[PDB]
Amino acid sequence: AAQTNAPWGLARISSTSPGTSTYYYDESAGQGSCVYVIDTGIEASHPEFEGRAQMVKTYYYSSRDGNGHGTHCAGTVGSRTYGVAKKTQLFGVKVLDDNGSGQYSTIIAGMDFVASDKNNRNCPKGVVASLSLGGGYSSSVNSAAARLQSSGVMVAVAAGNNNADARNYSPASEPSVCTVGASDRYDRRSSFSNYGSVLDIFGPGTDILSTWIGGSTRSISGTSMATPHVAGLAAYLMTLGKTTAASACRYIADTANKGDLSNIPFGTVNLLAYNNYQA
Ligand SMILES: [Ca+2]
């Protein structure tokens, strides 16, 4: 399948070269997979989700996304226009309040929730969790992310936006999950992206168009935006049978575009997520 005049990041993930504008993907499009977006919520009524999104848990007085961040991330995973995996099922877990903040204890509870809740959902092709959040190092937060991965969920986490080594942030620093840095449309490391040995992969993260609350769209930047590209890619590849939740991060790294990014510090991987789709 071909989607013309796609957002640059979608086009990038299906190309060996920067500077193209068509997204190419197998029409299976993540059907039969599920992606949990653990964030500020999802505006499930947005036309772009087509009835494929639902809120399953909140820790606050409402499950609505009063911020926009979670809706944007969900859109990059699985919206019809802006998403990588256009037929996946999206499940929202609201661990962050409408200011984008949350206690680590609530975030941990939300991860353990997903590890159980997947047993209540029909996801025959596999389960992914996208965590566009983080803070300072916490062994408890890292352990929760490790448990979620161990349970059979592909966990993708943002590296963070401090232009620093991600070893000092959680859950970015957990080795067993897939830690995602950000690039721009010219194949440069995004200026804010964290780096370091714990990064596994880069994805598009500067000036990413996606869904927003109030039935709208907007372009924003962050490792938060790169993460859902990788989560959606994992769902897509799992649907195709090419990998499994346990191995998907490794498979994505193995099949990535190698050596194409600039201003990657010595010792950080130079790997850009790529779907390897040949029309
Ligand atoms: Ca890792």
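- As recorded by the PDB entry, the chain carries the name Proteinase K and is attributed to Parengyodontium album.
- The record deposited in the PDB is entitled "Proteinase K Anomalous Dataset at 273 K and 12 keV".
- One UniProt comment on the chain, placed under Catalytic activity, says "Hydrolysis of keratin, and of other proteins with subtilisin-like specificity. Hydrolyzes peptide amides."
- Database annotation for the chain, UniProt heading Sequence similarities: "Belongs to the peptidase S8 family."

1. Some words on helix α4 (residues 139–150)
Residues spaced three or four apart along an α-helix point in a common direction, a consequence of the helix completing one turn every 3.6 residues.
Reasoning step 1: Taking 1.5 Å as the rise per residue, α4 with twelve residues should run 16 Å; its terminal C-alpha atoms sit 16 Å apart, in good agreement.
Reasoning step 2: Of all the residues in α4, the buried ones are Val141, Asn142, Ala144, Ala145, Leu148 and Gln149. The buried residues of α4 occupy one face: seen down the axis, they fall within an arc of 160°.
Reasoning step 3: Packed against the buried residues of α4 are α3 (104–117), β6 (126–131), β8 (154–158) and β9 (169–170).
Reasoning step 4: The opening residue of α4 is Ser138, an N-cap whose side-chain oxygen sits 3.3 Å from the backbone nitrogen of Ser140.

2. Focus: the packing of aromatic side chains
Reasoning step 1: Applying the stated criterion to the full structure yields two aromatic pairs.
Reasoning step 2: Judged by centre distance (4.8 Å) and plane angle (25°), the rings of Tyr23 and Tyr25 are stacked. For the pair shown, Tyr23 and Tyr25 are each scored as buried.
Reasoning step 3: Relative to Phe91, the ring of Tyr36 has its centre 5.1 Å away and its plane inclined at 50°; by these criteria the two rings are tilted. Taken together, the residues span a long stretch of sequence, with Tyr36 in strand β3 (residues 33–39) and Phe91 in strand β5 (residues 89–94) at a distance of 55 residues.

Scoring rules and cut-offs
- Residues numbered from 1 in each chain as written, not as in the entry; some residues may be left out.
- Heavy atoms only, no water.
- UniProt positions renumbered as here; feature names shortened; annotations may be inferred.
- Helix = DSSP H or I, 4+ residues; strand = E, 2+ residues; numbered from the N terminus.
- Expected span 1.5 Å × (residues − 1).
- Buried < 20%, exposed > 50% of the residue type's maximum accessible area, 1.4 Å probe, protein only.
- Arc of directions from axis to C-beta.
- Contact = heavy atoms within 4.5 Å.
- Polar contact = N/O pair within 3.5 Å; in protein donor to acceptor, adjacent residues only side chain to side chain.
- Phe/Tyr/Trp six-rings, centres within 6.5 Å; stacked < 30°, edge-to-face > 60°.

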